[PDB]
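Taking it in order: structure first as structure tokens, then the write-up.
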Amino acid sequence: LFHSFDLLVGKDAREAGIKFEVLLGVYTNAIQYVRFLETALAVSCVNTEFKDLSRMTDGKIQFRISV
Amino acid sequence: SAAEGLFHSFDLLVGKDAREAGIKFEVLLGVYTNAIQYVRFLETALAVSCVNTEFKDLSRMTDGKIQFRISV
Amino acid sequence: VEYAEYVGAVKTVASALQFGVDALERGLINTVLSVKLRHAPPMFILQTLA
Amino acid sequence: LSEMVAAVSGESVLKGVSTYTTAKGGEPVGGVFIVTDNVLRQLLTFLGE
């Protein structure tokens, strides 16, 4: 019965053992497990796995704007 | 609470084949101990002090009688 | 779960049965001893009358 | 000592098999007497055996 209740209570069934007492009902919560690809504001940001931020120590980037 | 001293073995999930939420019903098992010693009337030493008869219909009898005739 | 109810009721009914039987046996030994006590004169009278 | 054993050993829930048997007779051990060394050295002489 899902557990290890044999040596705590003993071997005999007439003196000791387990028995059903109460059927209780509680309500578990459900939480919406959001992810970044599942939500819709991943459209605005193309997201790649850089996998180590420490490589770019320079805080600026060069844009080559050609008109 | 009523879950203050009981183990629980399993739950009852209401038709949710891939969900762990909702209304859960748990079997709150209980421990029990039958602290008793099996004594019989014929197992004590008091049974020497009586002669016991299995009289299956004593509610039907209303009175008893034994006559002792002493020959002095 | 109904099998967990069924043996949980069997273990209650057979227990109350064997707690009605041994209650009757202890009642029997109690009333035997009370019958013996009702027909029990003290020792300081049977010391002389016997 | 026997009055202590009679005063302690009574109704107790959650029982089982005869735990802690000895070697000579094989009987169950009823209880244990924690004591100091002076009373241990004395109570193997007042009892002897």
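Numbering starts fresh at 1 for the residues of each chain in the structure tokens, the chains themselves are lettered A, B, ... in the order given, and ligands are numbered from 1 as they appear.
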
Distance table requested - chain A against region 7-20 of chain D, cut-off 12 Å, only C-alpha atoms: one row per qualifying residue with the closest atom pair and its distance in Å to one decimal, ordered by chain and rising residue number, as a Markdown table.
```
| residue | atom | partner | partner_atom | distance |
| --- | --- | --- | --- | --- |
| A:6 | CA | D:16 | CA | 10.6 |
| A:7 | CA | D:16 | CA | 8.6 |
| A:8 | CA | D:14 | CA | 7.8 |
| A:9 | CA | D:14 | CA | 5.8 |
| A:10 | CA | D:16 | CA | 4.9 |
| A:11 | CA | D:16 | CA | 6.8 |
| A:12 | CA | D:16 | CA | 7.8 |
| A:13 | CA | D:16 | CA | 11.0 |
| A:14 | CA | D:16 | CA | 11.8 |
| A:15 | CA | D:15 | CA | 8.6 |
| A:16 | CA | D:14 | CA | 7.4 |
| A:17 | CA | D:14 | CA | 9.3 |
| A:18 | CA | D:14 | CA | 11.6 |
```

- Task: Taking only C-alpha atoms into account, report as a ChimeraX atom specification which residues of chain B lie within 12 Å of chain C.
- Result: /B:8-13,25-47,49-52

Just write the chosen residues, N, CA, C and O atoms, as a compact mmCIF listing (two decimals), in the first residue's frame.
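Generated file (result.txt):
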```txt
# COMPACT_ATOMS: atom_id res chain seq x y z
N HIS B 8 -0.98 8.47 4.88
CA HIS B 8 -1.81 8.34 3.69
C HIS B 8 -1.08 7.46 2.69
O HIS B 8 0.14 7.60 2.50
N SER B 9 -1.81 6.54 2.07
CA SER B 9 -1.18 5.61 1.14
C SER B 9 -1.16 6.18 -0.27
O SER B 9 -0.09 6.34 -0.87
N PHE B 10 -2.33 6.50 -0.82
CA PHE B 10 -2.40 6.99 -2.19
C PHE B 10 -3.45 8.09 -2.27
O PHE B 10 -4.00 8.54 -1.26
N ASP B 11 -3.72 8.53 -3.50
CA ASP B 11 -4.73 9.54 -3.77
C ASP B 11 -5.74 9.00 -4.77
O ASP B 11 -5.59 7.91 -5.32
N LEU B 12 -6.78 9.79 -5.00
CA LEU B 12 -7.79 9.51 -6.01
C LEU B 12 -7.83 10.70 -6.95
O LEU B 12 -8.31 11.77 -6.58
N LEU B 13 -7.32 10.52 -8.16
CA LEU B 13 -7.34 11.61 -9.13
C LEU B 13 -8.56 11.48 -10.02
O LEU B 13 -8.91 10.40 -10.49
N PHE B 25 -8.43 13.31 -3.67
CA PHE B 25 -9.04 12.59 -2.56
C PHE B 25 -8.01 11.57 -2.09
O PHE B 25 -7.64 10.68 -2.85
N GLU B 26 -7.56 11.71 -0.85
CA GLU B 26 -6.52 10.83 -0.33
C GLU B 26 -7.11 9.86 0.69
O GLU B 26 -8.03 10.21 1.43
N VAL B 27 -6.58 8.64 0.71
CA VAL B 27 -6.96 7.66 1.72
C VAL B 27 -6.09 7.83 2.96
O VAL B 27 -4.93 7.42 3.00
N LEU B 28 -6.65 8.46 3.99
CA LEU B 28 -5.93 8.71 5.23
C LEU B 28 -6.05 7.47 6.10
O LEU B 28 -7.00 7.34 6.88
N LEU B 29 -5.09 6.56 5.97
CA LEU B 29 -5.07 5.33 6.74
C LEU B 29 -4.80 5.60 8.21
O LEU B 29 -4.26 6.65 8.58
N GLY B 30 -5.20 4.65 9.04
CA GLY B 30 -4.99 4.77 10.47
C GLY B 30 -4.41 3.52 11.10
O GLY B 30 -4.67 2.40 10.64
N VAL B 31 -3.61 3.71 12.13
CA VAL B 31 -3.08 2.58 12.87
C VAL B 31 -4.03 2.22 14.01
O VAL B 31 -4.77 3.06 14.53
N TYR B 32 -4.07 0.94 14.35
CA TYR B 32 -4.94 0.46 15.41
C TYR B 32 -4.20 -0.63 16.16
O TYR B 32 -3.41 -1.38 15.57
N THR B 33 -4.45 -0.71 17.47
CA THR B 33 -3.80 -1.70 18.34
C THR B 33 -4.87 -2.34 19.21
O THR B 33 -5.53 -1.65 19.99
N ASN B 34 -5.02 -3.65 19.09
CA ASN B 34 -5.97 -4.38 19.92
C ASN B 34 -5.23 -4.92 21.13
O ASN B 34 -4.81 -6.08 21.16
N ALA B 35 -5.07 -4.07 22.14
CA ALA B 35 -4.47 -4.46 23.41
C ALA B 35 -5.49 -5.27 24.21
O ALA B 35 -6.39 -4.75 24.87
N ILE B 36 -5.33 -6.59 24.13
CA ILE B 36 -6.21 -7.53 24.81
C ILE B 36 -5.40 -8.76 25.19
O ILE B 36 -4.38 -9.05 24.56
N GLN B 37 -5.80 -9.43 26.26
CA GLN B 37 -5.32 -10.76 26.60
C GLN B 37 -6.49 -11.72 26.52
O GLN B 37 -7.56 -11.45 27.09
N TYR B 38 -6.32 -12.81 25.79
CA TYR B 38 -7.41 -13.76 25.60
C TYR B 38 -7.52 -14.65 26.83
O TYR B 38 -6.79 -15.64 26.95
N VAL B 39 -8.42 -14.31 27.73
CA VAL B 39 -8.73 -15.13 28.89
C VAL B 39 -10.01 -15.90 28.62
O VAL B 39 -10.94 -15.39 28.00
N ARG B 40 -10.03 -17.15 29.07
CA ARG B 40 -11.24 -17.94 29.09
C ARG B 40 -11.59 -18.24 30.54
O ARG B 40 -10.73 -18.15 31.43
N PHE B 41 -12.85 -18.57 30.79
CA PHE B 41 -13.22 -19.02 32.12
C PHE B 41 -12.58 -20.35 32.45
O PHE B 41 -12.13 -20.56 33.57
N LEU B 42 -12.50 -21.25 31.47
CA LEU B 42 -11.82 -22.52 31.66
C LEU B 42 -10.31 -22.41 31.53
O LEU B 42 -9.62 -23.43 31.61
N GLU B 43 -9.77 -21.21 31.32
CA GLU B 43 -8.33 -21.02 31.27
C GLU B 43 -7.77 -20.42 32.54
O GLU B 43 -6.55 -20.43 32.72
N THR B 44 -8.61 -19.89 33.41
CA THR B 44 -8.16 -19.43 34.71
C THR B 44 -8.28 -20.55 35.73
O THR B 44 -8.88 -21.60 35.47
N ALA B 45 -7.71 -20.31 36.90
CA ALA B 45 -7.81 -21.27 37.99
C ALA B 45 -9.12 -21.14 38.75
O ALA B 45 -9.35 -21.92 39.68
N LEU B 46 -9.97 -20.19 38.39
CA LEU B 46 -11.29 -20.10 39.01
C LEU B 46 -12.19 -21.24 38.57
O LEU B 46 -13.13 -21.60 39.29
N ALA B 47 -11.90 -21.86 37.43
CA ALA B 47 -12.72 -22.93 36.89
C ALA B 47 -12.65 -24.21 37.70
O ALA B 47 -13.51 -25.07 37.54
N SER B 49 -13.12 -24.02 40.81
CA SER B 49 -14.10 -23.68 41.83
C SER B 49 -15.54 -23.76 41.34
O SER B 49 -16.45 -23.31 42.04
N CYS B 50 -15.78 -24.33 40.16
CA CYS B 50 -17.12 -24.46 39.62
C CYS B 50 -17.19 -25.69 38.72
O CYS B 50 -16.16 -26.18 38.26
N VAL B 51 -18.40 -26.18 38.50
CA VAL B 51 -18.65 -27.22 37.50
C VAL B 51 -19.59 -26.65 36.45
O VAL B 51 -20.77 -26.39 36.72
N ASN B 52 -19.09 -26.46 35.24
CA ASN B 52 -19.77 -25.61 34.28
C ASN B 52 -20.47 -26.44 33.21
O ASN B 52 -19.87 -27.35 32.63
```

- Pick from A:38, A:52, A:58, A:21 nearest to chain B, counting only C-alpha atoms: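 Ranking A:38, A:52, A:58, A:21 by distance to chain B, first place goes to A:21.
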
- What are the DSSP strand (DSSP E or B) residues of region 3-64 of chain A, as JSON, numbers by chain? {"A": [16, 17, 18, 19, 20, 21, 22, 23, 24, 25, 26, 27, 28]}

- Task: Name the residues of chain A that come out as helix (DSSP H, G or I) in a backbone DSSP run; write them as a ChimeraX atom specification.
- Result: /A:6-9,40-42,53-55

- Item | CA of residue 26 (chain A) to CA of residue 23 (chain B), distance in Å rounded to a single decimal | 6.3 Å

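Distances from A:2, A:33, A:27, A:20 to chain C were compared using only C-alpha atoms, and the smallest one belongs to A:20.
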